[PDB]
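Working notes for the structure below.
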Amino acid sequence: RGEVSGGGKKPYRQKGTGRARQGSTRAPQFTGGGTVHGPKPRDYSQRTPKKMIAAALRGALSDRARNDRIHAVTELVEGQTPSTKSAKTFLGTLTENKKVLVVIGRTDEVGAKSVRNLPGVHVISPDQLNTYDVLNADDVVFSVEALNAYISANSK
Amino acid sequence: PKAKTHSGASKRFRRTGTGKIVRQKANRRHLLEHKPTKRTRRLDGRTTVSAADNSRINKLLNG
Amino acid sequence: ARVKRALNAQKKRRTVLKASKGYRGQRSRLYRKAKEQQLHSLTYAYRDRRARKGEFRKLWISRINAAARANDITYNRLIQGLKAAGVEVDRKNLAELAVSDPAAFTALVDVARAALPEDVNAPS
RNA sequence: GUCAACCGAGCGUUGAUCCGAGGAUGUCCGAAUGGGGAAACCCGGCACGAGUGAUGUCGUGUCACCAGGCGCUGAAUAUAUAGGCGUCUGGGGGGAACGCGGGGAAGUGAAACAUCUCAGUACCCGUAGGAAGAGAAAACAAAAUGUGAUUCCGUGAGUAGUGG
RNA sequence: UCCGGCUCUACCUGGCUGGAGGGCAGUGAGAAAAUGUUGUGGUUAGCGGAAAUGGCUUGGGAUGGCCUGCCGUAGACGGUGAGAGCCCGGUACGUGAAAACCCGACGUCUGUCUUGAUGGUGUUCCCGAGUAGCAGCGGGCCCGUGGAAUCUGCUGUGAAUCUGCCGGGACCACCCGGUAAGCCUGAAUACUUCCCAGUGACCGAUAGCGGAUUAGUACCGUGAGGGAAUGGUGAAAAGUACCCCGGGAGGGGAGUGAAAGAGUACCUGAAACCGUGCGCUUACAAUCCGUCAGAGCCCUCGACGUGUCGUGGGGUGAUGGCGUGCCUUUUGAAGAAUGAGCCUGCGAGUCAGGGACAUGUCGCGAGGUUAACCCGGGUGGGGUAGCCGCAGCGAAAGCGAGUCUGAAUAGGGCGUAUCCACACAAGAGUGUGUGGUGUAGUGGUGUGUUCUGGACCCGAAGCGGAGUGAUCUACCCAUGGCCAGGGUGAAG
RNA sequence: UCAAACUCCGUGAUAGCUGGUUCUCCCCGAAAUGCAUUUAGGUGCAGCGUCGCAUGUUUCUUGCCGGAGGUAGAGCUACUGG
RNA sequence: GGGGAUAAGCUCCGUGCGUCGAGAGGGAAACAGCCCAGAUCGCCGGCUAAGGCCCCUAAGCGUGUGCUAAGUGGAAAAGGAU
RNA sequence: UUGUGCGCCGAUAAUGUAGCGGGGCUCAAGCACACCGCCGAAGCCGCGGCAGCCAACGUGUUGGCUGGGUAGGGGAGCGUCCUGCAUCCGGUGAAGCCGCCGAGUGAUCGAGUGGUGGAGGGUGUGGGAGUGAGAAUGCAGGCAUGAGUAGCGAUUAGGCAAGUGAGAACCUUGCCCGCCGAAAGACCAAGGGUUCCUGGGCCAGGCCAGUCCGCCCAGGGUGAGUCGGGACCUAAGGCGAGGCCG
RNA sequence: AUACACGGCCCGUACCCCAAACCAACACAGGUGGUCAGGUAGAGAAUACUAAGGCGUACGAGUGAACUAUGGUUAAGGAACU
RNA sequence: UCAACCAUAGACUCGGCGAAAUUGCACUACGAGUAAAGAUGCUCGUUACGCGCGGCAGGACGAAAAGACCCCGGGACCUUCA
RNA sequence: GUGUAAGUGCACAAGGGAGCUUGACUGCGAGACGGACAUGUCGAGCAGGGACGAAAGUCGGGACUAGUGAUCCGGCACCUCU
């Protein structure tokens, strides 16, 4: 009611008229009038702790490992020339399920650029490893560099 | 923003170890010319707050 | 996020106004007028469900009593007699007898005549 | 071009229509600025040029105000000055918020109310900048052998305290 | 470093005034102008860009279903006659600038120190004046004149230069720190009229910007100023040629079209509302308009039999009984107390915040958790400054499982998680000393109440600030005009 | 329109005040009293309600025993007064 | 029990007294507070309370003994009366 | 003369009997005392379904008690929209709407089928809400009752023939008639802005109709040495170089 | 002084103008300043009839209702009404 | 007193255009009474054929205006040795 | 008669009278009343240091209940607190 256009004049008398009492032409009960308890621009983040988060991730990787869905791999490609047909054939060798996660580091850009365009795949760097992206999948393909980094980063 | 505190309730109300609320007592300052000493003596010390006003005083002290 | 309200109202409007086909005027077209009458209506139905028992029982009794009085006995003493005689037939069925088969009813009348006390106004 | 068709007449491989950067033209009002004016319309001066048998007319430019610098004169009046005349450079107004300096309320809360609060907010003024302002200790601190321009963020802290 | 001349002057020195190699720096805040090279450095147009007329069926149209292939540093998005990675536009990716503009890069050009410095040694001189300080009224600092420093505004008065002066919350002495009253200073920070590219658990024509439609328009007001309403044919207009009625509108055939229950009043096309037909019922009757029983007639399903009851169902419903609208507010309303003409759509406990208290749930557990920020295409990692707990009593010093008062172990107050087991004393209500059992808080989130903010919604009269208005009406000014006709008969 | 115009803004002013506040079922279920009150139509605390935990019949009812009262009634040369 | 006129559908207090409020149904001619009774929903089942049994209105112009002559019943005083 | 049970007079208000609820009743259908039966409520019982508290037992069965309810406290749920995730239907016709037949203890439901219609929807689990309207002398649009009623805008007054025209009380012409005549006539200023003329037109407008119109469309049309103003001047008053005050 | 030949600028000119074209929300019984001012009667721009000139103005045709409005006359009496 | 008659504009009838405020409903009687203490809507009785038209104006506590007198709360403006 | 209103009590005296005299104290206070809350009332008993009395024992004002006013802000004396 306080941001709309106009309304800042009592449109007519208080008495004598016959009709109801009104104080602005932009109040909620009018047609053009102010939203009352509306949406507002707000934040939705909430502060979940580090220990709960990491407990989630470890438990998730355990849920996949026990069921034998964590595969490793050195690489997805031959030297320095992306070709998605290669990676797709290799994932056909290694997997038949719809969806899958891939964990490739930053420097190994060719595997990312290769497997990016596939329908199911959803690639990730292990520095931003999370939980939604794990659980949405069915199989998980780590690089060996990635495993080593993850493990010697957490374990100390 | 934060919840601001009540000056009077902070200056005339404290809390002990186990969470009790404590106050002092009345009719002690002036007109002692005629008040017998026993009456002057049960008014010393501190006293635990009543039950009925504990809640009100919590709400004043904390926020 | 904004949720137009149309469907969520139309539902009950349809319900009520289906349930008021027979009413006469603004009770048969308009939701704010048929709702009220539905309140009154369901209530009066409830009350009549509790009371049609007494209605029918009244009816049955009038029939029984007129039948008996044409056979020259009163209702009250008839029921005294059947109570004494341990006869079990209820009033719905005594009335059905009165309508269909007065002979059997006259036989029951005679049973009660037999089984009543001698001196009905005695101090016993 | 288009709402927006219709008709007519055309152009285009010799590169059109279209897009981008720079230029040119740029009526009249508008700070508006030759004078004036009811905004967009009335009257002129000066130099040149075009034009008529001469006048009228037409075109191109330029002419306001103040501040400063330079140049000529130095009124009452003696020094000499204000002032006057010419030239040169600036400023003039608009803007959505953001800033700094100044001014500066009231309804409200206090279940009344004046001190207080609302708020040094709204609003008004003067000036800016792409950011501003502040800024190099006549500072903090506490005997710890300490810190070392300023500003903005987190905490200290809704605390020490202040307060009809 | 060499010399040219200069220290008034020729001569020994000390000190200047010039040029020269050089160095330093430069468009810096620290002086300032232009110069020309100049970088696939950036912006201002764009461009290429992989792979299916694939087969059967449906359908008006296949971009659908099913079955066959392919591309992929490109399955983001959109459109194309119905959901299109392989049709189109374009994306991933790589390309591209004659000219102008911006970054530095340079060489010009400009200065600038170079004639120099490190240290010694005993005393005079200088170290920013109407100021600092003090008094009187005042502002703002956590600080409302209070004991009230520091910072300051106006008046009045008014000092010194280093054993000087200002501060360390009145003040004084000691120590400490610092050297006012002259000036400039980037980066971190705040903001978006405009521009460019995108995202959305944002709206989707009574919503969303007031404005999807001529929108600050029409209309209102003298004026400042207010301030609206109206989106959709279909795949493409193929927009009904032709005939008939009619003055024409409008319509019926014939046609287009997949459909004219798509005709430029057009997607769908509700209710209120307006009518046409078919069945029942209604003109001797007193009706919050219904409900329970129910005659009679009409429709229907089914078992049968020439029409016929039924574990039926539905529409009307003579007649009988019962029966005082809905909400709000009221001790109490059918109420002759308020509100509502009806429909449709719109319209009121919400959000923030490590806020507070209580309670569920989850992680950790005598520990728990991070803030800003940094790195991160993302929701992730780090970050110990902080906060809450772990010992309290007391006004305070202070002491410490005890402490405070008090002369006092003499009683009491507060505290020592709680219970458990044995003792001694009393039963003035139980206490005191041991032993073991061993203490649970915190951070996310959900719910409820709550604090600060417009805080569930609508509603005043009226306060203040800045402006608009004397074309109506009040008065005044400047300047013009109007008052037929007939009577009375003052001064002179 | 004048016992102090109009417009925009502060401003969504404020009202111990009036009105209004939308889907369902299940369980329990009041009060209209006290003290205070710039207060009497409002509010604070106590009262009566529910929810959760704790304490387990402590509540209530009937019988029997123990206790103070100065009411109805009656009385008065048993006091004060008629 | 007070105030009032020992008037008010008046006003003010008490009360392990009640009901209404927040409570329907039956009876009271109609009638929030009176009497009965405290509604889980259904049944074309039965017994009862308060109240009532000539017809309207389901149930008895019931039995026995006496009174009433006034339509009392189906308002009423001081007082009057073979 | 006492005490009693029924009785009499006193008795007496205004819309209409009207102080049994009515008819009517003493051939009590009236009062009292005893007696017999009966009717009567949503009470109690009887046959069934649901639910809450407790208890007993067994892998959710039974039983006893209980279940009016406003302010209000607590508990458990339907529905709508957008979404994360998994799957299903859909131009061989989704939604939406009108329905019929049916269901659920209720909010409500139909993956049950027909008509219309033409492109998105459902399901289970979680997440988040502009999350449910019948009332605010509530807002916006549409439509009713009043109602086919009141009015149709002065106190001047219209008429007949002919005319074109689809259509004439009103439009054009003819002859009558009547009205104003210091105005209801002729000319300017302010003000408005094409309203003027011609041609065509009548779905809107005119308070009826209309071939008509200040209505609609197109086209046309306003000519100044001497008229009213400017280039000529000044009053009230305004602006105001410099200027003074602030 | 005479004759001849030349120039002589800008704006408004339509149209309504006591009004169906302005102000009045309407094609509104209202308001709007200025100018000539026919005749006969008459003191006269009053007032009655009329020429010039212009309109018949924008819902009508009927009809002995009550009743309301503006008009008219009234027996006898004359403010008794109020 | 004491009212009567006449004519025009309406009102009535016909043709055309065609609103309004108000409205919970509806096939909307009267009486005696009961009730939030003045009943179309309830009880008990009495009366009434359905539908319209002109007309009156007793009621519908009729329509209009969130009372203007009173009281409370908030404001306003005015006064004065507050 | 009881200092002062009234009541409850007082002859066992709390009434009247005489001698000493300052407990008209300090530091505390079990348990209780009454209790919205703040207020309010009594309180045996312990310690120092005293009065009276021969001692026991009584004395923390008055026969009891009324005789006064919260909080804030300041003032005076003392303190081995800052």
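Chain lettering (A, B, ...) mirrors the order of the structure tokens, residue numbering begins at 1 for each chain separately, and ligand numbering begins at 1 in order of display.
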
Using only C-alpha atoms (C1' of nucleotides), which protein or nucleic acid residues come within 12 Å of segment 20-37 of chain G? Drop anything in the same chain fewer than 3 positions from it, and give the result as a VMD selection string. (chain C and resid 43 47 to 48 50 to 51) or (chain E and resid 324 330 to 333) or (chain F and resid 29 to 32) or (chain G and resid 48 to 52) or (chain H and resid 20 to 22 40 to 44 68 to 71) or (chain J and resid 33 to 36 42 to 45)

Taking the DSSP assignment computed from this structure's backbone, write out as an NGL selection string all residues of chain C that belong to alpha helix (DSSP H). :C and (6-18 or 31-70 or 75-84 or 91-100 or 102-115)

Quick one: residues within 9 Å of segment 53-61 of chain G, only C-alpha atoms (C1' of nucleotides), excluding same-chain residues fewer than 3 positions away - as a PyMOL selection string? (chain C and resi 57-59+61-62+74-76) or (chain H and resi 22-23+25+29+37-40)

Residues from last step as file, C-alpha atoms (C1' of nucleotides), as a PDB file, in the first residue's frame:
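The result, stored in result-v9.pdb:
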```
ATOM      1  CA  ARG C  57     -46.708 -45.254  17.292  1.00  0.00           C
ATOM      2  CA  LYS C  58     -49.514 -42.767  17.772  1.00  0.00           C
ATOM      3  CA  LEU C  59     -50.994 -44.003  14.521  1.00  0.00           C
ATOM      4  CA  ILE C  61     -52.411 -46.929  18.771  1.00  0.00           C
ATOM      5  CA  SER C  62     -55.339 -45.098  17.252  1.00  0.00           C
ATOM      6  CA  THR C  74     -60.522 -50.481  25.719  1.00  0.00           C
ATOM      7  CA  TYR C  75     -56.923 -50.136  24.697  1.00  0.00           C
ATOM      8  CA  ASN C  76     -55.531 -49.797  28.192  1.00  0.00           C
TER       9      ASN C  76
ATOM     10  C1'   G H  22     -60.997 -23.473  22.036  1.00  0.00           C
ATOM     11  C1'   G H  23     -65.356 -26.263  21.412  1.00  0.00           C
ATOM     12  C1'   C H  25     -68.978 -29.505  30.451  1.00  0.00           C
ATOM     13  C1'   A H  29     -65.606 -33.375  30.723  1.00  0.00           C
ATOM     14  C1'   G H  37     -54.416 -49.063  34.027  1.00  0.00           C
ATOM     15  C1'   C H  38     -52.393 -46.296  30.171  1.00  0.00           C
ATOM     16  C1'   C H  39     -50.135 -42.441  26.808  1.00  0.00           C
ATOM     17  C1'   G H  40     -45.563 -39.775  27.151  1.00  0.00           C
TER      18        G H  40
END
```

Residues of chain C within 12 Å of chain F, counting only C-alpha atoms (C1' of nucleotides), as a list in words: residues 5, 8, 9, 11 and 12 of chain C

Residues of chain A classed as strand (DSSP E) by DSSP on the backbone are to be reported as a VMD selection string. chain A and resid 70 to 73 100 to 103 122 to 124 139 to 143

Provide as an mmCIF file with C-alpha atoms, in the first residue's frame the residues of chain A at most 12 Å from chain C, counting only C-alpha atoms.
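part19.cif, written as the output of this step:
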```cif
data_model
loop_
_atom_site.group_PDB
_atom_site.id
_atom_site.type_symbol
_atom_site.label_atom_id
_atom_site.label_comp_id
_atom_site.auth_asym_id
_atom_site.auth_seq_id
_atom_site.Cartn_x
_atom_site.Cartn_y
_atom_site.Cartn_z
ATOM 1 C CA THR A 35 -0.723 -6.318 -1.757
ATOM 2 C CA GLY A 38 3.080 -10.317 0.015
ATOM 3 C CA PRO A 39 6.213 -11.976 -1.142
#
```

Counting only C-alpha atoms (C1' of nucleotides), what is within 10 Å of residue 115 of chain A, bar same-chain residues fewer than 3 positions away, as a list in words? residues 76, 82, 83, 84, 85, 86, 87, 88, 91, 102, 110, 111, 112, 118, 119, 120, 121, 122 and 123 of chain A; 72 and 73 of chain E

Compute the set of chain B residues within 9 Å of chain E, using only C-alpha atoms (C1' of nucleotides), and express it as a PDB file with C-alpha atoms, in the first residue's frame.
```pdb
ATOM      1  CA  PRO B   1      17.526  -6.370  15.292  1.00  0.00           C
ATOM      2  CA  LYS B   2      18.342  -7.396  18.839  1.00  0.00           C
ATOM      3  CA  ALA B   3      16.047  -7.435  21.843  1.00  0.00           C
ATOM      4  CA  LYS B   4      16.901  -4.604  24.173  1.00  0.00           C
ATOM      5  CA  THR B  16      21.657 -16.583  41.563  1.00  0.00           C
ATOM      6  CA  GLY B  17      23.365 -19.852  40.662  1.00  0.00           C
ATOM      7  CA  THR B  18      20.331 -22.095  40.373  1.00  0.00           C
ATOM      8  CA  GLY B  45      18.677  -8.823  53.123  1.00  0.00           C
ATOM      9  CA  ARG B  46      17.291 -10.008  49.855  1.00  0.00           C
ATOM     10  CA  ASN B  58      11.933 -13.056  32.989  1.00  0.00           C
ATOM     11  CA  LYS B  59      10.405 -11.311  30.004  1.00  0.00           C
ATOM     12  CA  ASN B  62      15.949 -11.124  28.932  1.00  0.00           C
ATOM     13  CA  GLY B  63      14.255  -9.095  26.212  1.00  0.00           C
TER      14      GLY B  63
END
```

Please provide as number ranges by chain all residues within 9 Å of segment 79-96 of chain C, with the sequence filter that same-chain residues fewer than 3 positions apart are discarded (counting only C-alpha atoms (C1' of nucleotides)). C: 56-57, 59-64, 67, 74-76, 99-101, 105, 108-109, 111-117; G: 44-46; H: 37-38

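Reported to one decimal place, the separation of atom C1' of residue 74 of chain I from atom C1' of residue 4 of chain J is 9.2 Å.
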
Mind listing as a PyMOL selection string which residues of chain A are within 12 Å of chain H, counting only C-alpha atoms (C1' of nucleotides)? chain A and resi 14-22+24-40+44+132-133+135-137

Distance table requested - chain F against chain B, cut-off 12 Å, only C-alpha atoms (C1' of nucleotides): one row per qualifying residue with the closest atom pair and its distance in Å to one decimal, ordered by chain and rising residue number, as a tab-separated table.
```
residue	atom	partner	partner_atom	distance
F:44	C1'	B:56	CA	10.3
F:45	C1'	B:52	CA	6.9
F:46	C1'	B:52	CA	8.3
```

Selection file, C-alpha atoms (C1' of nucleotides), as a PDB file, in the first residue's frame:
```pdb
ATOM      1  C1'   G F  44      -2.018  -6.097  35.446  1.00  0.00           C
ATOM      2  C1'   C F  45      -1.754 -10.117  39.099  1.00  0.00           C
ATOM      3  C1'   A F  46      -4.847 -14.038  41.985  1.00  0.00           C
TER       4        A F  46
END
```

Residues of chain E at most 10 Å from chain C: nearest atom pair and distance in Å, only C-alpha atoms (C1' of nucleotides), as JSON lines:
```
{"residue": "E:201", "atom": "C1'", "partner": "C:1", "partner_atom": "CA", "distance": 8.9}
{"residue": "E:202", "atom": "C1'", "partner": "C:1", "partner_atom": "CA", "distance": 7.8}
{"residue": "E:203", "atom": "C1'", "partner": "C:2", "partner_atom": "CA", "distance": 7.8}
{"residue": "E:207", "atom": "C1'", "partner": "C:2", "partner_atom": "CA", "distance": 8.8}
{"residue": "E:270", "atom": "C1'", "partner": "C:10", "partner_atom": "CA", "distance": 9.9}
{"residue": "E:271", "atom": "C1'", "partner": "C:30", "partner_atom": "CA", "distance": 9.1}
{"residue": "E:272", "atom": "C1'", "partner": "C:30", "partner_atom": "CA", "distance": 8.4}
{"residue": "E:288", "atom": "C1'", "partner": "C:37", "partner_atom": "CA", "distance": 9.4}
{"residue": "E:289", "atom": "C1'", "partner": "C:24", "partner_atom": "CA", "distance": 7.4}
{"residue": "E:290", "atom": "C1'", "partner": "C:41", "partner_atom": "CA", "distance": 6.5}
{"residue": "E:291", "atom": "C1'", "partner": "C:44", "partner_atom": "CA", "distance": 5.2}
{"residue": "E:292", "atom": "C1'", "partner": "C:48", "partner_atom": "CA", "distance": 5.2}
{"residue": "E:293", "atom": "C1'", "partner": "C:52", "partner_atom": "CA", "distance": 8.1}
{"residue": "E:315", "atom": "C1'", "partner": "C:22", "partner_atom": "CA", "distance": 9.3}
{"residue": "E:316", "atom": "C1'", "partner": "C:22", "partner_atom": "CA", "distance": 9.3}
{"residue": "E:321", "atom": "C1'", "partner": "C:55", "partner_atom": "CA", "distance": 7.9}
{"residue": "E:322", "atom": "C1'", "partner": "C:48", "partner_atom": "CA", "distance": 7.6}
{"residue": "E:323", "atom": "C1'", "partner": "C:44", "partner_atom": "CA", "distance": 7.6}
{"residue": "E:325", "atom": "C1'", "partner": "C:36", "partner_atom": "CA", "distance": 8.3}
{"residue": "E:326", "atom": "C1'", "partner": "C:36", "partner_atom": "CA", "distance": 6.7}
{"residue": "E:342", "atom": "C1'", "partner": "C:30", "partner_atom": "CA", "distance": 8.1}
{"residue": "E:343", "atom": "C1'", "partner": "C:30", "partner_atom": "CA", "distance": 8.3}
{"residue": "E:344", "atom": "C1'", "partner": "C:6", "partner_atom": "CA", "distance": 9.8}
{"residue": "E:345", "atom": "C1'", "partner": "C:6", "partner_atom": "CA", "distance": 8.4}
{"residue": "E:346", "atom": "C1'", "partner": "C:4", "partner_atom": "CA", "distance": 9.7}
```

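Using only C-alpha atoms (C1' of nucleotides), the nearest neighbour of chain A within the list J:64, J:77, J:72, J:12 is J:64.
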
Neighbours of residue 33 of chain I within 12 Å (only C-alpha atoms (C1' of nucleotides); same-chain residues fewer than 5 positions away dropped), as an NGL selection string? (:E and (481-482)) or (:H and (188-190)) or (:I and (17-18))

Closest atom pairs, chain F residues within 9 Å of chain A, only C-alpha atoms (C1' of nucleotides), as CSV:
```
residue,atom,partner,partner_atom,distance
F:8,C1',A:8,CA,8.4
F:11,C1',A:8,CA,8.6
F:12,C1',A:2,CA,5.6
```

Residues just named, written with N, CA and C atoms (P, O5', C5', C4', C3', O3' and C1' of nucleotides) as a PDB file, in the first residue's frame:
```pdb
ATOM      1  P     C F   8      -3.218  15.083  -3.150  1.00  0.00           P
ATOM      2  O5'   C F   8      -1.645  15.231  -3.062  1.00  0.00           O
ATOM      3  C5'   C F   8      -0.858  14.821  -4.154  1.00  0.00           C
ATOM      4  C4'   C F   8       0.597  15.168  -4.000  1.00  0.00           C
ATOM      5  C3'   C F   8       1.332  14.389  -2.942  1.00  0.00           C
ATOM      6  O3'   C F   8       1.674  13.073  -3.314  1.00  0.00           O
ATOM      7  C1'   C F   8       1.888  16.650  -2.733  1.00  0.00           C
ATOM      8  P     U F  11       7.218   8.773   7.596  1.00  0.00           P
ATOM      9  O5'   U F  11       5.732   8.398   7.192  1.00  0.00           O
ATOM     10  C5'   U F  11       5.506   7.729   5.967  1.00  0.00           C
ATOM     11  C4'   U F  11       4.046   7.487   5.688  1.00  0.00           C
ATOM     12  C3'   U F  11       3.479   8.169   4.450  1.00  0.00           C
ATOM     13  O3'   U F  11       2.467   7.352   3.877  1.00  0.00           O
ATOM     14  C1'   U F  11       2.243   8.812   6.308  1.00  0.00           C
ATOM     15  P     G F  12       2.816   6.068   2.986  1.00  0.00           P
ATOM     16  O5'   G F  12       1.747   5.006   3.490  1.00  0.00           O
ATOM     17  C5'   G F  12       0.369   5.353   3.511  1.00  0.00           C
ATOM     18  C4'   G F  12      -0.397   4.685   4.625  1.00  0.00           C
ATOM     19  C3'   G F  12       0.081   4.993   6.031  1.00  0.00           C
ATOM     20  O3'   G F  12      -1.000   4.813   6.949  1.00  0.00           O
ATOM     21  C1'   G F  12       0.441   2.726   5.580  1.00  0.00           C
TER      22        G F  12
END
```

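With atom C1' of residue 129 of chain E on one side and atom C1' of residue 180 of chain E on the other, the separation reads 12.3 Å.
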
E:309, E:422, E:166, E:457: which is nearest chain A, counting only C-alpha atoms (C1' of nucleotides)? E:457

For chain J, list the residues within 12 Å of chain A, counting only C-alpha atoms (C1' of nucleotides), and write the list as a count of residues only. 4
